[PDB]
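Asks: the data below comprise the sequence and an experimental structure of the protein.
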Amino acid sequence: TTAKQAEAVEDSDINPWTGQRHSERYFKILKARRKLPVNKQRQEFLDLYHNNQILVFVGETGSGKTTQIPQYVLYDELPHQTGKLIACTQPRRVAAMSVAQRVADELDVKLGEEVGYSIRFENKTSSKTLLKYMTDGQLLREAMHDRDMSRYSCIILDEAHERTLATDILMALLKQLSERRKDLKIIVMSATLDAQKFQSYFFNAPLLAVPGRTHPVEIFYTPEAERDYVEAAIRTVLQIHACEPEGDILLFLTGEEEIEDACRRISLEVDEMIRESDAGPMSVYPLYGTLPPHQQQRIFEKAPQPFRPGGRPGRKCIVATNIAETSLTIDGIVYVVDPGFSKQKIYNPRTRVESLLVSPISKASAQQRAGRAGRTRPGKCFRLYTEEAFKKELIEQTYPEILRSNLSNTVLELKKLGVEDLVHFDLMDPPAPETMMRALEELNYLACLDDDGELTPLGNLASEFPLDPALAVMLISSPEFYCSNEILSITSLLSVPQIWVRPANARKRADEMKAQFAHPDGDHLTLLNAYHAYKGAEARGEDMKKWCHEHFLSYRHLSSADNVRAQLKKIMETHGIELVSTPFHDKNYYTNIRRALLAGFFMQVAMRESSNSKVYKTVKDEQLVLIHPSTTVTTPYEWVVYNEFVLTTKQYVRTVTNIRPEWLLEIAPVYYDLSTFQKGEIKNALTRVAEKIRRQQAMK
Ligand SMILES: Nc1ncnc2c1ncn2[C@@H]1O[C@H](COP(=O)(O)OP(=O)(O)O)[C@@H](O)[C@H]1O
Ligand code: BEF
Ligand SMILES: [Mg+2]
């Protein structure tokens with residue numbers, strides 16, 4: 001129970017957890033461990049843990065939170081021998097695995113047995129497991145089948161400052177659960193918390209602040225912000241490799257393309273430095289999320305030895321995204337370059353699209369990056385921006401992800417957890433209640449939720465897609481319209497911002513190009529033609545940047561759309577959604593597609609006010625709109641399906657496609673149930689087309 005007791009147990013010749021003998025590596029590691037800052041307050045932790053259900057723990061980067069606290073908790077439950085496990089949630093998978101291996105080494109056990117990790121598509125745990133590291137998403141997935149989380153006695157949310165929606169949702173679930181289960185302990189850890197906020201959230205939970213730090217990190221700033229960070233970073237790296245002594249380098253960049261380019265740019269410069277200045281060898285390892293794990297774990301490889309003794313030291317440079325921003329202890333790292341940028345998610349409500357954008361990091365992010373040094377040995381962090389900018393310009397904390405995300409998918413994931421009430425589901429920073437309710441009923445009409453508010457198999461499958469639920473339903477139900485691939489492409493195109501560029505000046509030319517890509521019946525089909533042209537010109541080998549520039553298309557969003565198409569396709573193949581397509585020569589090649597649109601966009605339909613008028617009254621609510629000027633369709637029919645709603649001098653609908661009113665009554669009967677449908681001119685029109693159908697189909 002008390003610290004001295006646990007420490008007395010740790011000194012045992014025989015391992016209390018396996019019954020095997022402690023190797024002296026365990027004891028050397030142990031003597032190293034007891035010099036950590038958090039250790040010097042171990043008891044102070046225990047009697048807080050003993051007397052409180054929820055605890056907030058704050059210690060500087062490298063204090064020993066992630067690796068020592070779960071072990072403390074483990075030794076505190078020693079005399080009881082509970083069948084329940086201890087869970088620790090890292091924000092990234094690499095972190096979870098690395099730390100899991102580390103703690104497995106510290107407890108002198110085999111990884112996967114007593115100490116293990118758990119990630120999607122890979123469970124490294126056994127029936128012997130008492131300590132489990134995992135990602136917050138993985139725990140969030142386990143919570144779907146076990147809403148009480150009976151398998152765990154203590155849960156430790158780590159790096160909870162990131163405010164990722166998985167972390168937020170976890171905090172809310174655990175907060176609601178803590179009133180239900182009193183046998184569950186909850187710890188919240190970070191080096192960069194808004195402590196008072198998290199305390200206030202968890203019923204004024206106590207705070208433990210460990211002031212000590214292992215090794216110092218010498219942070220430096222640039223006298224003036226650099227015009228371009230990339231080559232500023234590369235120049236900094238080369239300057240380190242040249243002037244600075246022995247030590248591995250760590251550099252943070254935004255994207256993967258940028259990382260590769262910078263990687264072999266650094267390589268090409270380094271080789272010249274070798275051939276001209278007799279500099280030591282440098283091995284450059286890239287690191288990003290879409291990499292295969294076996295390449296990700298190559299960053300732990302030892303730095304190359306000097307060419308011959310007494311010569312310039314060889315070293316290892318790691319160019320990575322922000323996945324290495326937290327929780328990583330890469331031994332050998334001394335120098336850390338911080339350009340101060342990250343690819344952060346933003347969200348467009350009108351077009352319903354999530355998109356990434358390079359933005360300045362937060363202060364917490366910067367401190368977290370610099371914290372990757374001074375863990376095993378004293379380090380330095382070269383921040384490529386003014387100290388004044390860091391103190392008075394950088395955001396103090398990362399803006400919550402829930403507020404930058406599609407609430408329909410979020411709500412879908414909440415009902416996926418079985419959260420019966422949302423408005424009184426206490427999120428730390430809750431989204432607008434009405435938006436959540438509208439999201440709920442919109443999910444109800446899409447047959448993703450029952451009238452009772454539970455997951456439809458359709459909705460459950462739609463959650464597996466990285467898309468707006470409507471778009472996802474469209475894609476899933478597309479094979480029933482005999483045009484899966486085309487709808488896949490259209491989906492991927494609607495998953496990205498507007499690919500057509502229409503400059504404020506000289507928009508005539510843009511209209512002319514778009515007219516050359518035009519399809520008379522719908523703008524969606526025009527998008528399809530644009531993508532097909534793109535893939536053709538790419539197939540030739542023609543330069544696609546200049547090609548997109550000339551034909552007034554956005555290379556960024558077309559490329560993004562393409563990658564999205566690949567990923568989506570592989571997902572469909574994984575869950576067994578068959579990709580089929582009617583031949584182009586077929587009579588109903590386009591009608592199939594146009595019908596498949598209504599599978600998900602039946603709620604966004606506009607009817608012409610009257611034959612002579614240009615004004616449209618939308619099916620949703622009753623708002624007067626016009627067809628957006630940038631439209632392709634020459635003569636828009638009485639009924640159109642629109643993908644966007646814009647509000648300017650007058651309200652428009654954008655990216656429209658002509659449909660037939662019968663398709664509405666066919667594809668979405670429950671929504672267009674004329675028995676209970678709202679009174680209005682639309683109901684009248686639909687009753688007319690109905691009556692015609694009755695006539696002809698009773699005639700036989
Ligand atoms: N894989 C490892 N190899 C060597 N030393 C490590 C490793 N992981 C952690 N350490 C040491 O243990 C200390 C505690 O690290 P950690 O618990 O991850 O800190 P925190 O979780 O507080 O950020 C570090 O300062 C580091 O010196
Ligand atoms: F605070 Be430590 F770097 F996880
Ligand atoms: Mg940590």
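Replies: Thanks, I have the structure now. Numbers count the residues shown, from 1 in each chain. Ligands and ions are numbered 1, 2, ... in the order given.

Asks: whatever residue of the chain ends up closest to ligand 3 and residue 191, how far apart?
Replies: Closest residue of the chain to ligand 3, C-beta to the ion: residue 66 (3.1 Å). All C-beta spots, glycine's among them, are computed from the backbone N, C-alpha and C. Distance of residue 66 to residue 191, computed by C-beta to C-beta, to the nearest Å: 10 Å.

Asks: what's the first-to-last distance across stretch 448-456?
Replies: Using C-alpha to C-alpha, to the nearest Å, the gap from the first to the last residue of stretch 448-456 comes to 5 Å.

Asks: state the distance from residue 430 to residue 404.
Replies: From residue 430 across to residue 404, the span is 14 Å (C-beta to C-beta).

Asks: spell out which parts of the protein neighbour ligand 3.
Replies: 65-66, 327 (C-beta under 5 Å from the ion).

Asks: list buried residues within these.
Replies: Taking 16 or more other C-beta atoms under 10 Å as the criterion, what is buried in the residues of the chain next to ligand 3 is 65-66, 327.

Asks: could I get these as a markdown table with secondary structure?
Replies: Shown next, in a markdown table, are those (DSSP: H, G, I helix; E, B strand; the rest coil):
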| residue | secondary structure |
| --- | --- |
| 65 | helix |
| 66 | helix |
| 327 | coil |
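
Asks: ligand 1 next: which of these are close?
Replies: 65-66 (C-beta under 6 Å from any ligand atom).

Asks: so which bits of this protein are right by ligand 1?
Replies: So the chain meets ligand 1 at 36, 59, 61-68, 102, 214, 329, 331, 375-376 (C-beta under 6 Å from any ligand atom).

Asks: and these, which two are the farthest apart?
Replies: 59 and 331 (19.8 Å; C-beta to C-beta).

Asks: more neighbours, the two?
Replies: When residue 59 and residue 331 are compared for neighbours, residue 59 comes out ahead with 24 against 10, by other C-beta atoms under 10 Å.

Asks: sec struct for residue 646, please.
Replies: strand.

Asks: and the spatially closest residue to residue 445 that is not a sequence neighbour, what does it touch?
Replies: Spatially, and ignoring its direct neighbours in sequence, residue 445 is nearest to residue 671 (5.2 Å; C-beta to C-beta, 6 or more residues apart in numbering). Applying C-beta atoms under 8 Å, 6 or more residues apart in numbering, we find residue 671 in contact with 445, 602-603.

Asks: out of the residues you listed, which are buried?
Replies: Of those, these count as buried by 16+ other C-beta under 10 Å: 602-603.

Asks: which one of the contacts of residue 671 is nearest ligand 1?
Replies: Comparing those against ligand 1 with C-beta to the nearest ligand atom places residue 445 closest, at 46.2 Å.

Asks: do I have it right that that closest one meets residue 603?
Replies: Yes: counting by C-beta atoms under 8 Å, residue 445 touches residue 603, with 6.1 Å between them.

Asks: what do these two both touch?
Replies: Counting by C-beta under 8 Å, 6+ apart, the common neighbours of residue 445 and residue 603 are 668, 671.

Asks: quick one: end-to-end length of stretch 148-162, please.
Replies: 25 Å.

Asks: for ligand 2, what's the nearest residue on the stretch 451-600 of the chain?
Replies: Closest point on the stretch 451-600 of the chain to ligand 2, by C-beta to the nearest ligand atom, is residue 466, at 28.2 Å.

Asks: and the nearest residue to that residue once chain neighbours are set aside, what helix or strand is that in?
Replies: Using C-beta to C-beta, 6+ apart and skipping the chain neighbours, the partner closest in space to residue 466 is residue 567 (7.2 Å). Per DSSP states H and E: residue 567 is located in helix 555-575.

Asks: and the contacts of that helix?
Replies: So helix 555-575 is contacted by 461, 464-467, 475, 484, 488-489, 491-493, 495-499, 530-531, 534-535, 544-545, 547-549, 579 (C-beta under 8 Å, 6+ apart).

Asks: tell me the buried residues in it?
Replies: 555, 557-562, 564-565, 568-569, 571-572.

Asks: ditto for stretch 126-142
Replies: Applying 16+ other C-beta under 10 Å to stretch 126-142 flags 129-142 as buried.

Asks: stretch 609-627 too?
Replies: 616-619, 625, 627.

Asks: re earlier: could the buried residues of helix 555-575 go into TSV alongside distance to residue 232?
Replies: Output for the buried residues of helix 555-575, formatted as TSV (distance: C-beta to C-beta, whole Å):
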residue	distance to residue 232
555	25
557	28
558	30
559	26
560	26
561	31
562	31
564	31
565	35
568	37
569	39
571	38
572	42
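
Asks: let's have those in TSV, adding distance to ligand 2.
Replies: TSV is the format used below for the buried residues of helix 555-575 (distance: C-beta to the nearest ligand atom, whole Å):
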residue	distance to ligand 2
555	38
557	36
558	39
559	35
560	32
561	37
562	37
564	33
565	37
568	35
569	37
571	33
572	38
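
Asks: show me the strands in the stretch 601-700 of the chain, by range?
Replies: For the stretch 601-700 of the chain, strands defined by DSSP state E, counting those that start in this stretch occupy the ranges 605-608, 616-618, 624-627, 639-647, 651-658.

Asks: in its sheet, what does the longest one sit against?
Replies: Which is strand 639-647. Strand 639-647 has these partner strands in its sheet, going by DSSP bridges: strand 605-608 (antiparallel), strand 651-658 (antiparallel).

Asks: for residue 27, find the nearest of those strands.
Replies: So among the strands paired with strand 639-647, strand 651-658 is nearest, using C-beta to C-beta, at 67.4 Å.

Asks: just the CA trace of the closest one, in PDB.
Replies: Taking C-alpha atoms only, strand 651-658 is exported to PDB below (Å, rounded to 0.1, in the frame of the first residue of the first chain):
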ATOM      1  CA  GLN A 651     -29.700  32.300 -51.300                       C
ATOM      2  CA  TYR A 652     -28.300  29.900 -53.900                       C
ATOM      3  CA  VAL A 653     -28.000  26.100 -54.300                       C
ATOM      4  CA  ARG A 654     -24.700  24.900 -55.800                       C
ATOM      5  CA  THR A 655     -23.600  21.800 -57.700                       C
ATOM      6  CA  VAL A 656     -27.100  20.800 -58.800                       C
ATOM      7  CA  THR A 657     -28.300  17.800 -60.900                       C
ATOM      8  CA  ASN A 658     -31.700  17.200 -62.600                       C
END
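
Asks: chain center to it, what's the gap?
Replies: Chain-centre distance of strand 651-658: 30 Å, with C-alpha atoms, centre = their mean, to the nearest Å.

Asks: contacts for it, please.
Replies: Counting by C-beta under 8 Å, 6+ apart, 521-525, 527, 594, 597, 604, 606, 616, 618, 623-631, 633, 636-637, 639-646 sit against strand 651-658.

Asks: one step back: farthest pair in the buried residues of stretch 609-627?
Replies: So, those by C-beta to C-beta: farthest apart are 619 and 627, at 15.0 Å.

Asks: please name the nearest non-neighbouring residue to residue 220.
Replies: With C-beta to C-beta, 6+ apart, the residue lying closest to residue 220 is residue 382, at 5.3 Å.

Asks: how about the one you found, what does it touch?
Replies: 220, 236, 240, 335-338.

Asks: list the contacts of residue 333.
Replies: So residue 333 contacts 247-250, 318, 372-373, 375, 379 (C-beta under 8 Å, 6+ apart).

Asks: thank you, goodbye.
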